[PDB]
Amino acid sequence: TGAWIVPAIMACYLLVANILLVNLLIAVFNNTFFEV
Amino acid sequence: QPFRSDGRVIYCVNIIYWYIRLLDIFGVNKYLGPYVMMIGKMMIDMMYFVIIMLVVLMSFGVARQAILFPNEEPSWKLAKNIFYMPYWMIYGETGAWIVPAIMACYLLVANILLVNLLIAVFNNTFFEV
Amino acid sequence: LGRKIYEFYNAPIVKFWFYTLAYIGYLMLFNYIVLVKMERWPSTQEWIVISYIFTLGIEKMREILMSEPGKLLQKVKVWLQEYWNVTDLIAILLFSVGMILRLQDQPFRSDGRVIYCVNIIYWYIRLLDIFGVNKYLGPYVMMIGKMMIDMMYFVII
Ligand SMILES: CC(C)CCC[C@@H](C)[C@H]1CC[C@H]2[C@@H]3CC=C4C[C@@H](OC(=O)CCC(=O)O)CC[C@]4(C)[C@H]3CC[C@]12C
Ligand SMILES: CC(C)CCC[C@@H](C)[C@H]1CC[C@H]2[C@@H]3CC=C4C[C@@H](OC(=O)CCC(=O)O)CC[C@]4(C)[C@H]3CC[C@]12C
Ligand SMILES: CC(C)CCC[C@@H](C)[C@H]1CC[C@H]2[C@@H]3CC=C4C[C@@H](OC(=O)CCC(=O)O)CC[C@]4(C)[C@H]3CC[C@]12C
Ligand SMILES: Cc1cc(NC(=O)[C@H](c2ccccc2)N2CCCc3ccccc32)no1
């Protein structure tokens, strides 16, 4: 009936877990290259 | 036989070079030539990266092989384990907490440091050529 | 000929290459004593690693004694201002604790083996300080140094 709160959790997990934070990390480690 | 299998293996390792040899021709293409020279610079860059990658990675691998499987007899299969098992350790898993610190540092320094260092290195080498 | 030998072996580059060949041998013997069996009494390959750690401890004591300031606490603080000296001392007391636990019977031998297995990690990481001098590896070592602080601030988020 209302078993749809869980796929929203997996959907936000896929949205913010790798696809945000990992690309933030290559961006951070790319900016620190030329400064040193 | 069994020298026919050795000749087949030598043919099978020669076809690799006879495919790699096409990069010298590709070196003349206005769009492939920069990529061939980029492979040429990235070979030296990855060669210098490989020492730090080994120092980071096979030390843990030795740590995993000395924490787990504590009864491995002296044989040459130990070296094959310590540079084959951590190569495929993606799917692998009172005071029994020293091991999760090892996995935690492994996840911290193995991919999430060295791989991003590698896209950073290969991104800096783009505009210079 | 003796003057030539003494002039060769007192050179700093010769000392550096001799010292890193002795490390490479130390890493080899430490890998051997963490992969092969370990009994009530240590083998030759483990007594060599024990003697390695004890002679470095004596060398670090000579670094404590033979330095520039005259006060003992002042020269101790000056030597401990460098982070690598701190982690080297931490590894020396860690190895002596692991050896003392290993010299006892079971289950303390497993604890000594675990302490050896966590000390080999630092004794591989210590090579980054040497790599810091390579014209091509030194930038990468400093990049690891900045990326440690960057990943530490990233880890909270
Ligand atoms: C840090 C990087 C650059 C190199 C790491 C090298 C190690 C992975 C090697 C170097 C010394 C090797 C050991 C040297 C000697 C032996 C004995 C060998 O057994 C025999 O030769 C049987 C006969 C006998 O000696 O009794 C089995 C492999 C083993 C443990 C080797 C396992 C792999 C080791 C630890
Ligand atoms: C900077 C330098 C000191 C690095 C080079 C290290 C070598 C000088 C060491 C490392 C491994 C050592 C060996 C490790 C084990 C043995 C076996 C040991 O013999 C036994 O234990 C029983 C007899 C046997 O079966 O050999 C005799 C010494 C020997 C050859 C050692 C001789 C000295 C070696 C070659
Ligand atoms: C000059 C720099 C690059 C250092 C070179 C170090 C090597 C000369 C050492 C380091 C590890 C040593 C090995 C470590 C352990 C063993 C096992 C040892 O065999 C045993 O302990 C089993 C019993 C037996 O002796 O038969 C024989 C010597 C050997 C191969 C050693 C031979 C000498 C090695 C290769
Ligand atoms: C045990 C053990 C450790 C070790 N090596 C060092 O920890 C280090 C070193 C590391 C790599 C290459 C060369 C030397 N080293 C040895 C002597 C004391 C000392 C002083 C200042 C800086 C380095 C250094 N050898 O056996």
# chains A, B, ... in the order shown; residues from 1 in each chain; ligands from 1
>>> residues_around(residues="residue 111 of chain C", least_positions_apart="2", cutoff="10 Å", atoms="only C-alpha atoms", output="list in words")
residues 95 of chain B; 97, 98, 99, 101, 102, 106, 107, 108, 109, 113, 114, 115, 116 and 117 of chain C
>>> residues_around(residues="residue 36 of chain B", least_positions_apart="3", cutoff="9 Å", atoms="only C-alpha atoms", output="number ranges by chain")
B: 23-24, 26-27, 32-33, 39-41
>>> write_last_selection(atoms="N, CA, C and O atoms", output="short mmCIF file (atom, residue, chain, number, x, y, z; two decimals), in the first residue's frame")
data_model
loop_
_atom_site.label_atom_id
_atom_site.label_comp_id
_atom_site.auth_asym_id
_atom_site.auth_seq_id
_atom_site.Cartn_x
_atom_site.Cartn_y
_atom_site.Cartn_z
N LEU B 23 50.39 2.66 -32.85
CA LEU B 23 50.40 3.98 -32.23
C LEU B 23 51.41 4.91 -32.89
O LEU B 23 51.19 6.13 -32.93
N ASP B 24 52.49 4.36 -33.45
CA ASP B 24 53.44 5.17 -34.20
C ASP B 24 52.81 5.73 -35.47
O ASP B 24 53.08 6.87 -35.86
N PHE B 26 49.50 6.14 -35.72
CA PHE B 26 48.45 7.06 -35.20
C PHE B 26 49.10 8.38 -34.80
O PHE B 26 48.39 9.40 -34.70
N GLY B 27 50.42 8.37 -34.58
CA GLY B 27 51.13 9.58 -34.14
C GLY B 27 51.05 10.70 -35.16
O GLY B 27 51.36 11.85 -34.79
N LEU B 32 44.89 12.05 -33.27
CA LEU B 32 45.39 10.88 -32.56
C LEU B 32 46.82 11.05 -32.07
O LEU B 32 47.21 10.43 -31.08
N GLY B 33 47.61 11.88 -32.76
CA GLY B 33 48.98 12.18 -32.39
C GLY B 33 49.20 12.78 -31.02
O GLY B 33 50.11 12.37 -30.29
N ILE B 39 49.97 9.30 -24.13
CA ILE B 39 50.34 7.97 -23.66
C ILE B 39 51.83 7.91 -23.35
O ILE B 39 52.25 7.32 -22.34
N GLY B 40 52.65 8.57 -24.18
CA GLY B 40 54.09 8.57 -23.96
C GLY B 40 54.50 9.27 -22.68
O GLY B 40 55.39 8.79 -21.96
N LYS B 41 53.87 10.40 -22.36
CA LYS B 41 54.17 11.07 -21.10
C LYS B 41 53.55 10.35 -19.91
O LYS B 41 54.15 10.25 -18.83
#
>>> interface_residues(of="chain B", to="chain C", cutoff="10 Å", atoms="only C-alpha atoms", output="PyMOL selection string")
chain B and resi 45+48-49+51-52+54-67+69-75+78-79+95+98-99+101-102+108-109+112-114+117+121
>>> write_last_selection(atoms="N, CA and C atoms", output="tab-separated table (two decimals), in the first residue's frame")
chain	number	residue	atom	x	y	z
B	45	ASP	N	54.80	8.98	-16.17
B	45	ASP	CA	54.05	9.40	-14.98
B	45	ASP	C	53.52	8.21	-14.19
B	48	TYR	N	56.44	6.44	-12.41
B	48	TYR	CA	56.81	7.06	-11.14
B	48	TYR	C	55.72	6.90	-10.10
B	49	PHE	N	54.46	6.79	-10.53
B	49	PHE	CA	53.37	6.55	-9.59
B	49	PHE	C	53.39	5.13	-9.04
B	51	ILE	N	55.69	3.15	-7.95
B	51	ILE	CA	56.48	2.92	-6.74
B	51	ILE	C	55.67	3.27	-5.49
B	52	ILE	N	55.02	4.44	-5.49
B	52	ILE	CA	54.20	4.84	-4.36
B	52	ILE	C	52.96	3.97	-4.25
B	54	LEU	N	52.82	0.79	-5.08
B	54	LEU	CA	53.29	-0.44	-4.47
B	54	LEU	C	53.53	-0.28	-2.98
B	55	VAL	N	54.21	0.81	-2.59
B	55	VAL	CA	54.52	1.07	-1.18
B	55	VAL	C	53.25	1.20	-0.34
B	56	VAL	N	52.21	1.82	-0.90
B	56	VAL	CA	50.93	1.90	-0.21
B	56	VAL	C	50.21	0.55	-0.21
B	57	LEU	N	50.17	-0.14	-1.35
B	57	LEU	CA	49.25	-1.26	-1.52
B	57	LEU	C	49.79	-2.59	-1.03
B	58	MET	N	51.01	-2.97	-1.42
B	58	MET	CA	51.46	-4.31	-1.06
B	58	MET	C	51.87	-4.39	0.40
B	59	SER	N	52.11	-3.26	1.06
B	59	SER	CA	52.25	-3.27	2.51
B	59	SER	C	50.95	-3.70	3.18
B	60	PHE	N	49.84	-3.11	2.77
B	60	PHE	CA	48.58	-3.63	3.36
B	60	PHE	C	48.48	-5.10	2.97
B	61	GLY	N	48.64	-5.41	1.69
B	61	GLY	CA	48.48	-6.81	1.30
B	61	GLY	C	49.26	-7.77	2.18
B	62	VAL	N	50.50	-7.40	2.53
B	62	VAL	CA	51.30	-8.18	3.46
B	62	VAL	C	50.66	-8.17	4.85
B	63	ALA	N	50.06	-7.03	5.23
B	63	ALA	CA	49.35	-6.95	6.50
B	63	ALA	C	48.14	-7.88	6.53
B	64	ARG	N	47.38	-7.93	5.44
B	64	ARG	CA	46.24	-8.83	5.37
B	64	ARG	C	46.68	-10.29	5.36
B	65	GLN	N	47.74	-10.61	4.62
B	65	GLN	CA	48.25	-11.97	4.55
B	65	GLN	C	48.96	-12.41	5.83
B	66	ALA	N	49.34	-11.48	6.69
B	66	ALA	CA	49.93	-11.89	7.96
B	66	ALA	C	48.92	-11.85	9.10
B	67	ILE	N	47.83	-11.09	8.96
B	67	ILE	CA	46.76	-11.16	9.95
B	67	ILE	C	45.89	-12.39	9.69
B	69	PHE	N	45.07	-15.92	7.42
B	69	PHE	CA	45.85	-17.10	7.03
B	69	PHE	C	47.20	-17.12	7.74
B	70	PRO	N	47.24	-17.39	9.04
B	70	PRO	CA	48.51	-17.34	9.78
B	70	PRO	C	49.36	-18.60	9.67
B	71	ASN	N	48.95	-19.57	8.86
B	71	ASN	CA	49.66	-20.84	8.74
B	71	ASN	C	49.97	-21.13	7.27
B	72	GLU	N	50.54	-20.15	6.58
B	72	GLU	CA	51.00	-20.31	5.21
B	72	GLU	C	52.48	-20.67	5.20
B	73	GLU	N	52.79	-21.88	4.75
B	73	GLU	CA	54.15	-22.40	4.73
B	73	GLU	C	55.01	-21.64	3.73
B	74	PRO	N	56.37	-21.66	3.90
B	74	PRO	CA	57.24	-20.97	2.93
B	74	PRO	C	57.17	-21.53	1.52
B	75	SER	N	56.59	-20.75	0.62
B	75	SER	CA	56.46	-21.13	-0.78
B	75	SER	C	56.35	-19.86	-1.60
B	78	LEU	N	53.04	-17.41	-1.80
B	78	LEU	CA	52.77	-16.29	-0.90
B	78	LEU	C	52.89	-14.95	-1.63
B	79	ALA	N	53.91	-14.82	-2.49
B	79	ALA	CA	54.05	-13.60	-3.28
B	79	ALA	C	52.92	-13.45	-4.28
B	95	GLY	N	39.54	-8.40	21.82
B	95	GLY	CA	40.34	-7.38	21.16
B	95	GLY	C	40.47	-7.60	19.67
B	98	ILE	N	41.70	-4.86	15.55
B	98	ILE	CA	42.84	-4.35	14.78
B	98	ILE	C	42.62	-4.57	13.29
B	99	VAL	N	41.88	-5.62	12.92
B	99	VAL	CA	41.62	-5.89	11.50
B	99	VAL	C	40.71	-4.85	10.85
B	101	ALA	N	40.45	-1.73	11.50
B	101	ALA	CA	41.31	-0.58	11.27
B	101	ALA	C	42.14	-0.75	10.00
B	102	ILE	N	42.58	-1.98	9.72
B	102	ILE	CA	43.35	-2.26	8.52
B	102	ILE	C	42.50	-2.09	7.27
B	108	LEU	N	40.71	3.95	2.92
B	108	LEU	CA	41.06	5.37	2.93
B	108	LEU	C	42.20	5.68	1.97
B	109	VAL	N	43.22	4.83	1.89
B	109	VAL	CA	44.43	5.18	1.16
B	109	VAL	C	44.57	4.43	-0.16
B	112	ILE	N	40.65	5.93	-2.72
B	112	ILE	CA	40.15	7.27	-2.42
B	112	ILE	C	41.31	8.27	-2.29
B	113	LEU	N	42.53	7.78	-2.15
B	113	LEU	CA	43.68	8.66	-2.27
B	113	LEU	C	44.40	8.51	-3.61
B	114	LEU	N	44.82	7.29	-3.95
B	114	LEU	CA	45.76	7.10	-5.05
B	114	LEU	C	45.10	7.29	-6.41
B	117	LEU	N	44.60	10.94	-6.98
B	117	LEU	CA	45.92	11.45	-7.32
B	117	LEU	C	46.27	11.17	-8.78
B	121	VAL	N	47.12	13.81	-11.66
B	121	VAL	CA	48.38	13.78	-12.39
B	121	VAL	C	48.12	13.78	-13.90
>>> residues_near_ligand(ligand="ligand 4", cutoff="9 Å", atoms="only C-alpha atoms and all ligand atoms", output="ChimeraX atom specification")
/C:15-27,49-57,59-60,63,84-85,88,92,123,126-131
>>> write_last_selection(atoms="N, CA, C and O atoms", output="CSV table (one decimal), in the first residue's frame")
chain,number,residue,atom,x,y,z
C,15,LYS,N,76.6,7.1,2.2
C,15,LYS,CA,75.9,6.8,3.4
C,15,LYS,C,74.4,6.7,3.1
C,15,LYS,O,73.8,5.7,3.7
C,16,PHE,N,73.8,7.5,2.3
C,16,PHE,CA,72.4,7.4,2.0
C,16,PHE,C,72.1,6.2,1.2
C,16,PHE,O,71.1,5.5,1.5
C,17,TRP,N,72.9,5.8,0.2
C,17,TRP,CA,72.6,4.6,-0.5
C,17,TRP,C,72.9,3.3,0.3
C,17,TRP,O,72.1,2.4,0.2
C,18,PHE,N,73.9,3.4,1.2
C,18,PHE,CA,74.1,2.2,2.1
C,18,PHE,C,72.9,2.1,3.0
C,18,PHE,O,72.4,0.9,3.2
C,19,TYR,N,72.4,3.2,3.6
C,19,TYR,CA,71.3,3.2,4.5
C,19,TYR,C,70.0,2.7,3.9
C,19,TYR,O,69.3,1.9,4.5
C,20,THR,N,69.8,3.1,2.6
C,20,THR,CA,68.5,2.6,2.0
C,20,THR,C,68.7,1.2,1.5
C,20,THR,O,67.7,0.5,1.4
C,21,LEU,N,69.9,0.7,1.2
C,21,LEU,CA,70.1,-0.7,1.0
C,21,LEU,C,69.8,-1.6,2.2
C,21,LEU,O,69.2,-2.6,2.2
C,22,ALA,N,70.3,-1.0,3.4
C,22,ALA,CA,70.0,-1.7,4.6
C,22,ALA,C,68.5,-1.6,4.9
C,22,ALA,O,67.9,-2.6,5.5
C,23,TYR,N,67.8,-0.6,4.5
C,23,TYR,CA,66.3,-0.6,4.8
C,23,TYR,C,65.8,-1.7,3.9
C,23,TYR,O,65.1,-2.6,4.4
C,24,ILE,N,66.1,-1.7,2.6
C,24,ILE,CA,65.5,-2.7,1.7
C,24,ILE,C,65.7,-4.1,2.3
C,24,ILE,O,64.8,-4.9,2.3
C,25,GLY,N,66.9,-4.4,2.8
C,25,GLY,CA,67.1,-5.6,3.5
C,25,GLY,C,66.3,-5.8,4.8
C,25,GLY,O,65.8,-6.9,5.0
C,26,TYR,N,66.0,-4.7,5.5
C,26,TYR,CA,65.2,-4.8,6.7
C,26,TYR,C,63.7,-5.0,6.3
C,26,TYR,O,63.1,-5.8,7.0
C,27,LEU,N,63.2,-4.4,5.2
C,27,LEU,CA,61.9,-4.7,4.7
C,27,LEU,C,61.8,-6.2,4.3
C,27,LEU,O,60.7,-6.8,4.5
C,49,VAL,N,66.0,-8.6,12.8
C,49,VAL,CA,65.1,-7.5,12.9
C,49,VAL,C,65.0,-6.8,14.3
C,49,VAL,O,64.9,-5.6,14.4
C,50,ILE,N,65.1,-7.7,15.3
C,50,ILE,CA,65.2,-7.2,16.7
C,50,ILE,C,66.5,-6.4,16.9
C,50,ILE,O,66.4,-5.3,17.5
C,51,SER,N,67.6,-6.8,16.3
C,51,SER,CA,68.8,-6.1,16.4
C,51,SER,C,68.8,-4.8,15.6
C,51,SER,O,69.4,-3.8,16.0
C,52,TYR,N,68.1,-4.8,14.5
C,52,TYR,CA,67.8,-3.6,13.7
C,52,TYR,C,67.1,-2.5,14.5
C,52,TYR,O,67.6,-1.4,14.6
C,53,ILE,N,66.0,-2.9,15.2
C,53,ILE,CA,65.2,-2.0,16.0
C,53,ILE,C,66.0,-1.5,17.2
C,53,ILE,O,66.0,-0.3,17.5
C,54,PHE,N,66.8,-2.4,17.8
C,54,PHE,CA,67.6,-2.0,19.0
C,54,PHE,C,68.7,-1.0,18.6
C,54,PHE,O,69.0,0.0,19.3
C,55,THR,N,69.4,-1.3,17.5
C,55,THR,CA,70.5,-0.3,17.1
C,55,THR,C,69.9,1.0,16.6
C,55,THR,O,70.5,2.0,16.8
C,56,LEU,N,68.7,1.0,16.0
C,56,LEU,CA,68.1,2.3,15.7
C,56,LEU,C,67.8,3.0,17.0
C,56,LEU,O,68.1,4.2,17.2
C,57,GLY,N,67.3,2.3,18.0
C,57,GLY,CA,67.0,2.9,19.3
C,57,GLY,C,68.2,3.6,19.9
C,57,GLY,O,68.2,4.7,20.4
C,59,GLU,N,70.8,4.6,18.1
C,59,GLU,CA,71.1,5.7,17.2
C,59,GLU,C,70.2,6.9,17.6
C,59,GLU,O,70.7,8.1,17.5
C,60,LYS,N,68.9,6.7,17.9
C,60,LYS,CA,68.1,7.8,18.3
C,60,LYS,C,68.4,8.4,19.6
C,60,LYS,O,68.3,9.6,19.8
C,63,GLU,N,71.1,10.6,18.8
C,63,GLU,CA,70.6,11.8,18.3
C,63,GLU,C,70.1,12.7,19.4
C,63,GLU,O,70.2,14.0,19.2
C,84,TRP,N,58.4,13.1,12.2
C,84,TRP,CA,59.0,11.8,11.8
C,84,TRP,C,59.8,11.2,13.0
C,84,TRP,O,59.8,10.0,13.1
C,85,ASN,N,60.4,12.0,13.8
C,85,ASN,CA,61.1,11.5,15.0
C,85,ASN,C,60.1,11.0,16.0
C,85,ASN,O,60.4,10.0,16.7
C,88,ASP,N,58.8,7.7,14.7
C,88,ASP,CA,59.9,6.7,14.8
C,88,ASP,C,60.0,6.2,16.2
C,88,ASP,O,60.2,5.0,16.5
C,92,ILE,N,59.4,2.5,17.8
C,92,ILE,CA,60.4,1.8,18.6
C,92,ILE,C,59.7,1.3,19.9
C,92,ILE,O,59.9,0.1,20.2
C,123,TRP,N,56.6,0.9,8.8
C,123,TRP,CA,57.9,0.8,8.2
C,123,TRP,C,57.9,0.7,6.7
C,123,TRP,O,59.0,0.8,6.1
C,126,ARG,N,57.2,4.9,6.1
C,126,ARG,CA,58.4,5.7,6.4
C,126,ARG,C,59.3,6.0,5.1
C,126,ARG,O,59.9,7.0,5.1
C,127,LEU,N,59.1,5.1,4.1
C,127,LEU,CA,59.9,5.4,2.8
C,127,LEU,C,59.4,6.6,2.1
C,127,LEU,O,60.1,7.0,1.1
C,128,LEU,N,58.3,7.2,2.4
C,128,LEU,CA,57.8,8.4,1.8
C,128,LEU,C,58.7,9.6,2.1
C,128,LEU,O,58.9,10.5,1.3
C,129,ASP,N,59.3,9.6,3.3
C,129,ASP,CA,60.3,10.6,3.7
C,129,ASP,C,61.5,10.6,2.8
C,129,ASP,O,62.1,11.6,2.4
C,130,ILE,N,62.0,9.4,2.5
C,130,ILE,CA,63.1,9.3,1.5
C,130,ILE,C,62.5,9.8,0.1
C,130,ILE,O,63.1,10.7,-0.5
C,131,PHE,N,61.4,9.2,-0.3
C,131,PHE,CA,60.9,9.5,-1.6
C,131,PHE,C,60.7,11.0,-1.7
C,131,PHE,O,60.7,11.6,-2.9
>>> atom_distance(atom1="atom 34 (C, counted along the ligand's line) of ligand 1", atom2="atom CA of residue 103 of chain B")
22.8 Å
>>> interface_residues(of="chain A", to="chain C", cutoff="9 Å", atoms="only C-alpha atoms", output="ChimeraX atom specification")
/A:21,25,28-29,32-33,36
>>> interface_residues(of="chain B", to="chain A", cutoff="8 Å", atoms="only C-alpha atoms", output="ChimeraX atom specification")
/B:116-117,119-121,123-124
>>> write_last_selection(atoms="C-alpha atoms", output="short mmCIF file (atom, residue, chain, number, x, y, z; two decimals), in the first residue's frame")
data_model
loop_
_atom_site.label_atom_id
_atom_site.label_comp_id
_atom_site.auth_asym_id
_atom_site.auth_seq_id
_atom_site.Cartn_x
_atom_site.Cartn_y
_atom_site.Cartn_z
CA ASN B 116 42.21 10.62 -7.42
CA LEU B 117 45.92 11.45 -7.32
CA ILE B 119 43.32 11.67 -12.36
CA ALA B 120 45.00 14.78 -10.90
CA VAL B 121 48.38 13.78 -12.39
CA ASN B 123 44.85 16.08 -15.80
CA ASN B 124 47.88 18.28 -15.20
#
>>> closest_residue(among="C:45, C:74, C:10, C:96", to="ligand 1", atoms="only C-alpha atoms and all ligand atoms")
C:45
>>> select_by_dssp(residues="chain A", states="alpha helix (DSSP H)", output="list in words")
residues 5, 6, 7, 8, 9, 10, 11, 12, 13, 14, 15, 16, 21, 22, 23, 24, 25, 26, 27, 28, 29, 30, 31, 32, 33, 34 and 35 of chain A
